[PDB]
Structures are given as structure tokens and as C-alpha cells.
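Presented below is the structure to which this report refers.
The chain is numbered in sequence order, starting from 1.
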Amino acid sequence: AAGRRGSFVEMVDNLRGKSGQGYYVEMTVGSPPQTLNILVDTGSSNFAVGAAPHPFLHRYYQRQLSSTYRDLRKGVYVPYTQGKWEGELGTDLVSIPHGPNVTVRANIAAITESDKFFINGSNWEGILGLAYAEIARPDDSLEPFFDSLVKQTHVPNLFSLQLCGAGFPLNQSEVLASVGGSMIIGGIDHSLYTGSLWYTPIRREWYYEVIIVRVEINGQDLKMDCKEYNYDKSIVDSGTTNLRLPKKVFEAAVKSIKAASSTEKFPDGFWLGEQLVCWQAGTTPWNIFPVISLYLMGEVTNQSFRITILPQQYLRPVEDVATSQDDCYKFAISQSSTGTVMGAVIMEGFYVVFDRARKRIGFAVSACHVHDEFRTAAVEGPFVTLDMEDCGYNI
Ligand SMILES: CCCN(CCC)C(=O)c1cc(C)cc(C(=O)N[C@@H](Cc2cc(F)cc(F)c2)[C@H](O)CNCc2cccc(OC)c2)c1
């Protein structure tokens, strides 16, 4: 054995938030610096911040107060799966208080209009799209923030995320004081995980796309053409709460998860991820829900590894409508029409390494994943898997 050291103490515990409202990191924009909380989103590629009054914002970017502000005289429109905003392009000096000690000039979309984007009480005023330029709006010429960071400094072309779910509800006061995790910019901090790191190839550099080759519910093979699992793509997206699955995979997964938890009957609303279910304080029957394993393409030919999540991950802690002493949750898995989305739910159980430089993504058991005395999340390998390339989808 050999104890693993944490070498980025300055960035550890720099995140706050929760799966339901997103995780954010503190940033500064302009001269003098204007402090803002920014949603960490590996699912998009635009750096944008509120730049005008809004019901849900307590503060916003004030361009006229920044001596380093540069107007790009260009409008920008960004529509997500749900939620959208319109803004004005420009550049300015940007820093990360609890990150590498550097300042860089990056593109900034000043949000002037938005619909269903900002979330009441999230405590963040902007978003940080960490994905590639290919999906940046208006187009790939608008250099993403992390690209600017790497090109302008010596920070390694790599970042890692530790999203920490509490395992229980956090009120407004609590979510503000609580540590929500870590975003290590430029490296890997060994104190954030246990066990080994397994890497899966980044299939294509647009979203952080990966390939799932096998799915199990309590060790039982979901048994579908692996191509279904990646229809029309599979991405790692911290900007989305739930594990989202292709319609057919969702139907199969839900049927299998219900069968495994059959000793307990749950209403349709529950399975639709719409309504919560509650249990007497401390009695949540974790053991009746199955673990879910996702096999990922490995880096060696014909080799794969698997990540296993517990219901402590796919069941999201929520406060009871009557703020009682029950432990309540919602089913954090839902159907997609745009492929598989490995959201915050899934990320909370693992330390995820976005190794841009080696075009790969690493997974390791999170030092902060919620579990019980009987089961734990896992990252295991290797497995002999054939024709994995066939699992990828092509239009
Ligand atoms: C996160 C807190 C709760 N929310 C949002 C509020 C209900 C979700 O769980 C959620 C649910 C769905 C169902 C989509 C998105 C969604 O679109 N997330 C965005 C970011 C985001 C947007 C927003 F409005 C509010 C947020 F908090 C976070 C990702 O970038 C999507 N990546 C794929 C994609 C898909 C289409 C276009 C695209 O452009 C890059 C990227 C987010």
C-alpha cells in the first residue's frame, strides 16, 4: 500500500450547492474584480453571467464599472434542454479566488434576457461551460473559458470534479454554509477519492462524450444492444441533476428497478421523477433498491471497467412538503430524447477527472459519496468486452 497525498489544498472544498440546484464556484470578472458565483457545467461551452436586474439575482456583472471590459458588438443566444438566455458578447479579465493563481482574458456573455435559466435560491449568478468549442454559441470561434485559461497560462489542460451530495436535505442557511465539493483546476488531488482511477476515452471533443457498453441492475444484465445505451450520445454533464436515459433504456431500467424493489410499491408519480416518497426518520429501506452499474469503454483494446452507484445516489434527498422529520427523496432518473446524460446524481458518487490533454475521463470512488454500512459505490476493472466501437452511435 501507499497513502495518497492531496496536493491542491488551495482548491479543495471550493464548491457549494446541491444536485437539485447545481454546484458553483466563486469567480471574479472585471477591474476592479466583481465577485460572482458560477455554476460549474461540463454540459455546455459558454461562460455567461447575469448582467442586468433579475428577480432571482442579488448581484450581477456591471460592465460599465470594469475598466478592462471589451465590447464584442455581438449578440448571443443559448438554448439548453430546458432554459435559455440572450446576451451581449465581450471579454474581460477573469479569475478564480479558490483556484490557480492566475488571471486571464476570456469571452463573457452578458445575460440581458433569460427564461427558466436562473434558479430562485441557487445562489449562483452565472454559468461556466467547461465543454469544447464545437458546441459553443454562436459558433466554435467563441473560445471557451478553459481553452483561454490553458492557452494563456501554464495550468495543465485538465480539471477534476468532486461533487458532494449531503445525503439529506439542506435548507437555505445550510446549503450556504455547507461544503459542496471540489473543482481542482489543472490537476488531480489524491485526497478526494479512494481506490484506483479508471479512464474511458472521450469519444469526440464537443460534449464530454463517452461510450457505455453494458448496464446492470443488481448484477443483472439489462441486456440491450449496447448501441441503445448511447443513442444518440452519452455525456458527462454536471449541469444536469438527473441520470437521463434514452427512452427505451429508461423503460427497461425502470422495469428492472421496480422488479428489484418489488417488496415496496411506489406510485407512478415517483417513477416519473415528479413526486417524492417518505419514510420514518432513519428507516429509508436502501437495501430493497438495487445498485446500478455502468460499464465504460476502457483505454486498452477489448477492455472495459464499471462504475456502480447506490440508491443513495439515484434517490435525491428532498424536504417534505410538511418539513416533517421523515427522510424523503425523489427518483433522480428520467427519460431523454437526446441520449444518455450522466448528471450530478451520478457524479456525486465519484471523483471525475476530465483529462483534456489525454482525451479521456477518469472515474474513482468519491471520498464523499453517501453510502451505508452494507454497500459502497465502486469503480472496478478490467473486463473483457468485445466490439465496443459498435456501441457508439452514428447519425
Ligand atoms: C441543474 C439544476 C436543475 N436543472 C435545471 C433546472 C431545472 C436540471 O437538473 C436540468 C434538467 C434538464 C432537463 C436540462 C438541464 C440543462 O439543460 N442543463 C444545462 C445547463 C443548465 C441550463 C439551465 F437553463 C439551468 C441550469 F441550472 C443548468 C446543460 O448545459 C445541458 N447540457 C446538454 C445541452 C443540451 C442542449 C443544449 C446545450 O447547449 C450547450 C447543452 C438541467
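Counting heavy atoms from C-beta on, the side chains of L296 and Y199 never come closer than 4.5 Å. Within the 4.5 Å cutoff, the side chain of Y69 has no heavy atoms near those of the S67 side chain. The side-chain heavy atoms of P201 and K359, taken from C-beta on, include no pair separated by under 4.5 Å. Two residues are said to be in side-chain contact when any heavy atoms from C-beta on lie closer than 4.5 Å; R356 and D147 meet this criterion. Looking only at side-chain heavy atoms (C-beta outward), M27 and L128 come within less than 4.5 Å of each other. Residues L310 and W286 form no side-chain contact, since every pair of their non-hydrogen atoms from C-beta on lies 4.5 Å or further apart. Residues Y351 and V365 are not in side-chain contact: their nearest non-hydrogen atoms beyond the backbone lie 4.5 Å or more apart. Here the side chains of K330 and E274 are not in contact, with every heavy-atom distance at 4.5 Å or above.
Counting non-hydrogen atoms of other residues, nucleotides and ligands closer than 6.0 Å to CZ of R358 gives a total of 12 or fewer. When the shell of 6.0 Å around CD of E134 is examined, it contains more than 12 heavy atoms from other residues, nucleotides or ligands.
No donor-acceptor pair under 3.5 Å is formed between the side chain of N46 and the backbone N or O of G129. Judged by distance alone, with hydrogens and angles left aside, the side-chain atoms of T42 form a donor-acceptor pair with the main-chain N or O of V236 at under 3.5 Å. Panel note: side chain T283, backbone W279; no donor-acceptor pair is recorded below 3.5 Å. A donor-acceptor distance shorter than 3.5 angstrom exists from the side chain of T153 to the backbone of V155, with no hydrogens or angles considered. Side chain of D139 to backbone of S141: a donor-acceptor contact under 3.5 angstrom is found. A distance-only check finds a donor-acceptor pair linking the side chain of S234 to the backbone of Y229 [under 3.5 Å]. Judged by distance alone, the side chain of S304 and the main-chain N or O of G298 form no donor-acceptor pair under 3.5 Å. Under a 3.5 Å cut-off, the side chain of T91 and the backbone N or O of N107 do not form any donor-acceptor pair. Between the side chain of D189 and the main chain of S7, a donor-acceptor pair closer than 3.5 Å is present. Of the possible donor and acceptor atoms, one in the side chain of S160 sits under 3.5 Å from a partner among the backbone N and O of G187.
The salt bridge (charged side-chain N to carboxylate O under 4.0 Å, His left out) search around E88 returns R63, not counting sequence neighbours. Listed by chain and number, the residues in a salt bridge (charged side-chain N to carboxylate O under 4.0 Å, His left out) with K248 are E228 (sequence neighbours excluded).
The side-chain contact (heavy atoms from CB on, under 4.5 Å) with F47 is formed by just one residue from the set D41, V94, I127, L130; it is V94.
A tilted orientation is assigned to the rings of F331 and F270, their planes being inclined by 30° to 60°.
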Practice item. Give the C-alpha distance, both sets of side-chain angles, the deciding distance and a yes or no for side chain to side chain contact (heavy atoms under 4.5 Å, CB included) between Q335 and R244. Key: CA-CA 5 Å; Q335 61 178 285; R244 306 182 63 243; over 6 Å; no
Point to revise | Working for side chain to side chain contact (heavy atoms under 4.5 Å, CB included), residues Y193 and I188 | key: CA-CA 10 Å; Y193 65 105; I188 301 179; 4.2 Å; yes
Exercise for review: For side-chain hydrogen bond (donor to acceptor under 3.5 Å, both in side chains), just list the numbers for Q312 and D372, CA-CA rounded to whole Å, side-chain angles, deciding distance to a tenth of an Å, and then say yes or no.
Suggested key: CA-CA 8 Å; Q312 295 63 347; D372 58 52; 2.8 Å; yes
Exercise for review: Using the ring pair (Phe, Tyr, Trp, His ring centres under 6.0 Å) rule, take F117 and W124 through it: C-alpha gap first, then chi angles, then the decisive distance, then the call.
Suggested key: CA-CA 11 Å; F117 180 68; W124 54 258; 5.6 Å; yes
**Study point:** Derivation and outcome, ring pair (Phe, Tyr, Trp, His ring centres under 6.0 Å), residues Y208 and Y132
**Key:** CA-CA 8 Å; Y208 292 97; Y132 304 91; 5.1 Å; yes
Check your understanding: So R59 and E125, salt bridge (charged side-chain N to carboxylate O under 4.0 Å, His left out) or not? Walk me through it.
Key -> CA-CA 7 Å; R59 59 180 180 185; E125 305 64 33; 3.5 Å; yes
**Study point:** Chi angles and distances behind the side chain to side chain contact (heavy atoms under 4.5 Å, CB included) call for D232, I395
**Key:** CA-CA 8 Å; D232 60 340; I395 300 180; 5.8 Å; no
Check your understanding: What's the verdict on side chain to side chain contact (heavy atoms under 4.5 Å, CB included) for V210 and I202, showing C-alpha distance, side-chain angles and the deciding distance?
Key -> CA-CA 5 Å; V210 300; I202 293 181; 5.7 Å; no
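Electrostatic pairing of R16 and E26 does not count as a salt bridge here, judged by no charged N lying under 4.0 Å from a carboxylate O. Salt-bridge check for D221 with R214: passed, with a basic side-chain N closer than 4.0 Å to an acidic carboxylate O. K227 and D387 are not joined by a salt bridge, as no carboxylate oxygen comes within less than 4.0 angstrom of a charged side-chain nitrogen. A salt bridge between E251 and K255 is absent, with no side-chain N of the basic residue lying under 4.0 Å from a carboxylate O of the acidic one. Salt-bridge formation is detected for the pair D355/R360: a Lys NZ or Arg NE/NH1/NH2 atom is positioned less than 4.0 Å from an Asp or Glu carboxylate oxygen.
Remark: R316 is not positioned above the aromatic ring of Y329, lacking an NZ or CZ atom under 6.0 angstrom from the ring centre and at most 45 degrees off the axis. For the pair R306 and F363, the NZ or CZ position fails the cation-pi test of under 6.0 Å to the six-membered ring centre and within 45 degrees of the ring normal.
Put simply, CE on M224 and CD1 on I212 are 12.0 Å apart, with the number rounded to the nearest 0.5 Å. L163 CG to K18 NZ: the interatomic distance, rounded to the nearest 0.5 Å, is 15.0 Å. The CZ atom of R105 lies 5.5 Å from the OG1 atom of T68; values are rounded to the nearest 0.5 Å. With values rounded to the nearest 0.5 angstrom, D225 atom CG is found 8.5 Å from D390 atom CG. Rounded to the nearest 0.5 Å, atoms CD1 (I361) and CE (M342) are 8.0 Å apart.
In terms of heavy atoms, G219 sits closest to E216 at CA-OE1, 3.4 Å. For the pair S45 and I135, the tightest heavy-atom approach, listed with the atom from each and the gap, is OG-CG1, 3.1 Å. Pairing each heavy atom of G30 with each of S66, the nearest pair is CA-OG, 3.0 Å. Closest heavy-atom contact between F146 and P156: CZ-O, 4.0 Å. In terms of heavy-atom proximity, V25 sits nearest to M183 at CG1-CE, 3.8 Å. Contact detail for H54 and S114: the closest heavy-atom pair is CD2-OG, 3.8 Å.
Both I96 and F159 belong to a single network of hydrophobic side chains, linked directly or stepwise wherever heavy atoms of I, L, V, M, F, W or Y lie under 4.5 Å apart.
Under 3.5 Å, the side chains of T28 and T35 contain no donor-acceptor pair of N or O atoms. Counted by atom type alone, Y24 and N123 present one or more donor-acceptor pairs between their side chains at under 3.5 Å. Side-chain contact check for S293 and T308: at least one donor-acceptor pair (N or O, by modelled atom type) lies under 3.5 Å.
Sorted by first and then second residue, the ring-ring contact (aromatic ring centres under 6.0 Å, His included) pairs with a member in residues 366-395 read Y231-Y393, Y295-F383, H369-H371; sequence neighbours excluded.
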